[PDB]
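A short write-up of the structure that comes next.
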Amino acid sequence: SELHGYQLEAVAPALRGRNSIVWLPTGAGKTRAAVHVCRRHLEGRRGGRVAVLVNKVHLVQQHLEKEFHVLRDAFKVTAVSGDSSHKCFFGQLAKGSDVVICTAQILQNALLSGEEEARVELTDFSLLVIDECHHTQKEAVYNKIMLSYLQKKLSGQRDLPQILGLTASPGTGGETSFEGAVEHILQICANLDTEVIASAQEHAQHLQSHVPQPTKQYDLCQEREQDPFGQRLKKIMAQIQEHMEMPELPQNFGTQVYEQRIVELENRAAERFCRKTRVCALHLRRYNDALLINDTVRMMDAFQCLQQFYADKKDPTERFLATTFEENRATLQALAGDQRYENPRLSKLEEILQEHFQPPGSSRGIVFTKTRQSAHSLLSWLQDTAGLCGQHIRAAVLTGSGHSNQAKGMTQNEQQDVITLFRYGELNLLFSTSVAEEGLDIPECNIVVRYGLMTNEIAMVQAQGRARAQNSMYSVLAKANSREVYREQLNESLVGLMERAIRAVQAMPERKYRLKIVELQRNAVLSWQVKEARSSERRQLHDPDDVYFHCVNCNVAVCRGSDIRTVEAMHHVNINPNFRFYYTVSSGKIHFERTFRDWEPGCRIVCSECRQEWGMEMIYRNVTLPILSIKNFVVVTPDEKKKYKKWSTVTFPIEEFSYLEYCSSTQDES
RNA sequence: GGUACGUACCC
RNA sequence: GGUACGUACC
Ligand SMILES: Nc1ncnc2c1ncn2[C@@H]1O[C@H](COP(=O)(O)OP(=O)(O)O)[C@@H](O)[C@H]1O
Ligand code: ALF
Ligand SMILES: [Mg+2]
Ligand SMILES: [Mg+2]
Ligand SMILES: [Zn+2]
């Protein structure tokens, strides 16, 4: 497994100490090239230290086990992710290592830490390797780390680390002209403090006939001729809107636009406390989710989302709605049972799998879907489909750690189990989210299907690339004449523009490039400063005593701004000793997969008057504190009443929690 | 469960 | 300015 010519060529500038981006195709071997750069870096000085940053939990282990472990003949290499996190302080672990591999946010947390044992500076490393470095833009973690690097650089700081970015796809950043695309490439160079974009110019022929391209096919599907299940949902949505007695109610049932309008209505009804309107809007949204699920997967998947909503449950509005569902329930379930009205997305997916998993399972595939819920539903569909039950498909779901009431996440270990069985064919088919669109290496994977996705060209290129095998195939499975098909074709062209843009940046005169980089780095550090000042202005508009929180459901006042403190600059706790008379504990003890350094979860908490979900208890060392979720309240200030979805935009200051001070004050009372 | 960011969409 | 989803951290 000695380095290919093009790998040695792409790291020549890195070996000379220059900051670079290594631009090589998906599956070309950027990781092994980085390892070689790390070895020579560490051999060439004493006391060097490398950090290797990734953007998914699963890439930490993959990169350690498949590539970086070889450095252990001479050097100390440690991996840190979230799951393991809580045992060691990161500062101690890094400083005791020659190479640390971690998700970027782990490093960022250490860079911001107040504790001496956890804290790190950028100057504690001599080389940073940034995997999938195209994410180093905007306010992503990668770019927060690098903007601090730029601030320091521009302020004269010395011995900042060398930067080695790795990517197959810098992208065009939404730009469709050559001018724009070039401007985007230079911004990424500026963000990463890049001196050279290194590629395989002199080994372009070896790289062509070695790293194979999958052959590409459009597997287009038609709209259902007859959708009586959908038609019936739409009738009910109209009946509910009639009952609401409101003009200018939107009519485009079964779309993301309708979903936006109806949630925006629900926000307004919460803000003005129109209880009737808010309740109807909440139900209508649920009918709209069912239509969307219906278009994506099975009728019965859509039916079950709706039925679980009405089964969990008085006042006259809710009673109208319960009755309306009950009137239609049996008919909806019977329609969902009928094979005549099958989703042609699914018929089309069946053909593909039928053709490519015969002989029974020589193929090795990933079907990409947008949502975790869709991936689970597709697995169920596979298992209850006879046309495939006969061939031997051992399938599983792969998701990241994202989580909601619609679908839970998968931990590091649970992801790893699926990946390991897929690698050598114990599993031969994954239903996956974008968790696995980049970086994942399965040499034998020979089939990628992208199931009705709407993404940028980076995600298209990257997901294709998971098919590492010779003779791979890539399928676009989408609706004919859709926006999704249009975007796919546009993205193909945007990949070409991206290439043209990079080559133009690569051939620029050195003086003209350096001045442009300088100009862009300056504007970045100034733009950030201005943005920070503007965020702080907003944060100090109101005294915390003049802000009141109301329950989003019943509008009762529950606490003031001055009752709130932050734990780890994230979790908003109410420290008022009488807040306990306003909330009720509504569950038994909640258990997470991950465990944290200073706290564990207690029970869910609800509004004592209406039972609306508010948040959860945190058992922080020796005390129990209620954590509030901003989405479950209307915030009332002197100027307005506003339902917030984030805490960063609130108009009053919130201090950090002090465990010490809190104990003193609570222990004085009884 | 909490927090943040990214992508897509609408304005 | 919002809506949805995803991932990462806790
Ligand atoms: N010089 C080499 N010889 C043989 N195999 C290699 C070489 N370099 C990389 N590989 C293998 O090629 C595959 C793709 O590498 P990877 O680092 O995942 O690609 P990417 O460039 O997309 O990060 C891996 O399985 C890796 O072990
Ligand atoms: F470009 Al890669 F894994 F880094 F496909
Ligand atoms: Mg949540
Ligand atoms: Mg890679
Ligand atoms: Zn309430």
Side-chain angles (χ1 to χ4, degrees), chain A residues 53-60 81-83 85-86 102-110 112 134-135 137-144 171 174 250 252 255-268 285 288-289 292 368-375 399-410 412 415 432-438 453-459 483-484 487 566-573 587 590-605 613-618 626-632 642-649:
Chain A
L53 309 186
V54 297
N55 70 329
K56 307 295 172 228
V57 170
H58 77 269
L59 296 172
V60 172
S81 189
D83 268 24
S85 190
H86 76 107
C102 63
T103 50
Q105 184 73 47
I106 290 294
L107 177 58
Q108 183 58 357
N109 290 348
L112 296 172
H134 54 273
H135 299 288
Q137 344 187 0
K138 305 192 185 184
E139 290 174 33
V141 183
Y142 279 9
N143 209 39
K144 293 200 161 160
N252 51 340
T255 62
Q256 289 285 354
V257 170
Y258 179 92
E259 198 129 285
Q260 170 175 1
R261 299 288 147 73
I262 211 79
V263 175
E264 287 171 354
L265 183 49
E266 180 256 295
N267 288 338
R268 287 198 292 272
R285 193 213 154 142
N288 201 65
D289 295 338
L292 294 174
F368 284 102
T369 207
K370 187 198 178 194
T371 66
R372 297 188 298 278
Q373 183 177 22
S374 293
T399 78
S401 66
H403 67 91
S404 66
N405 285 318
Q406 304 168 304
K408 259 176 161 177
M410 293 178 66
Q412 179 276 324
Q415 289 170 47
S432 177
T433 60
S434 64
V435 73
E437 79 188 354
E438 310 184 328
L453 303 193
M454 186 87 74
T455 70
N456 65 11
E457 83 299 346
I458 285 173
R483 172 89 140 161
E484 285 79 4
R487 187 56 178 277
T566 61
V567 170
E568 304 182 70
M570 283 180 291
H571 315 299
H572 293 76
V573 303
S587 80
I590 294 305
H591 302 275
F592 296 153
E593 323 315 320
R594 176 155 159 66
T595 45
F596 311 116
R597 177 171 287 280
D598 286 310
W599 65 273
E600 64 187 355
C603 314
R604 273 179 155 90
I605 58 169
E613 273 181 354
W614 278 5
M616 64 161 165
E617 296 175 312
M618 162 191 280
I627 321 295
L628 303 181
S629 187
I630 195 59
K631 75 187 184 191
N632 300 315
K642 186 173 171 157
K643 170 103 154 280
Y644 288 79
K645 211 201 280 160
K646 339 215 74 208
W647 289 91
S648 57
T649 47

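Just so it is clear: chains get the letters A, B, ... in the order the sequence lines come, proteins before strands, and each one is counted from 1. Just the heavy atoms: all of them, side chains too, but no hydrogens, waters or symmetry mates, feed the values below.
Atom CG of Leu453(A) and atom P of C9(B) are 13 Å apart (whole Å). The separation between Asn632(A) atom CG and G2(B) atom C1' is 11 Å, rounded to whole Å. With rounding to whole Å, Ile458(A) atom CD1 is found 14 Å from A8(B) atom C1'.
Among the heavy atoms of the strands lying under 4.0 Å from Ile630(A) are primed sugar atoms or P, OP1, OP2 only; no base atom is included. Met616(A) comes within 4.0 angstrom of a base, heavy atoms only. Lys646(A) comes within contact range of at least one nucleobase, with a heavy-atom separation under 4.0 Å. Using a 4.0 Å heavy-atom criterion, one finds that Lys408(A) contacts no nucleic acid atom at all.
Put simply, the side chain of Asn143(A) never gets that close to the backbone of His135(A): no donor and acceptor are under 3.5 Å apart. Side-chain N or O atoms of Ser587(A) include one that pairs as donor or acceptor with a backbone N or O of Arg604(A) at under 3.5 Å. Looking at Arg372(A), its side chain does come within 3.5 Å of a backbone N or O of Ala407(A) through a donor-acceptor pair. Of the possible donor and acceptor atoms, none in the side chain of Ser434(A) sits under 3.5 Å from a partner among the backbone N and O of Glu437(A). Judged by distance alone, the side chain of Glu617(A) and the main-chain N or O of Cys603(A) form a donor-acceptor pair under 3.5 Å.
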Worksheet, complete the sentence: B/S/- along nucleotides 3-10 of chain C (protein heavy atoms under 4.0 Å) is SSSSBBSB
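For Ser629(A) and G2(B), the shortest distance from a side-chain N or O to OP1 or OP2 is below 4.0 Å. Between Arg604(A) and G2(B) there is no side-chain N or O to OP1 or OP2 distance below 4.0 Å. OP1 or OP2 of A8(B) has not a single side-chain nitrogen or oxygen of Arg483(A) nearer than 4.0 Å.
Along RNA chain B, the nucleotide nearest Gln137(A) and the nucleotide nearest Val257(A) are compared for position; the residue whose nucleotide lies closer to the 5' end is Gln137(A). Along RNA chain B, the nucleotide closest to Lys144(A) and the one closest to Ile627(A) are compared, and the more 5′ of them pairs with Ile627(A).
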Item to complete: Take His134(A) and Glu438(A), measure what side-chain hydrogen bond (donor to acceptor under 3.5 Å, both in side chains) needs, and give me the verdict at the end.
Response: CA-CA 11 Å; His134(A) 54 273; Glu438(A) 310 184 328; 2.8 Å; yes
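Ring geometry, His572(A) versus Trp647(A): the interplanar angle falls under 30°, so the pair is classed parallel (tilted spans 30 to 60°).
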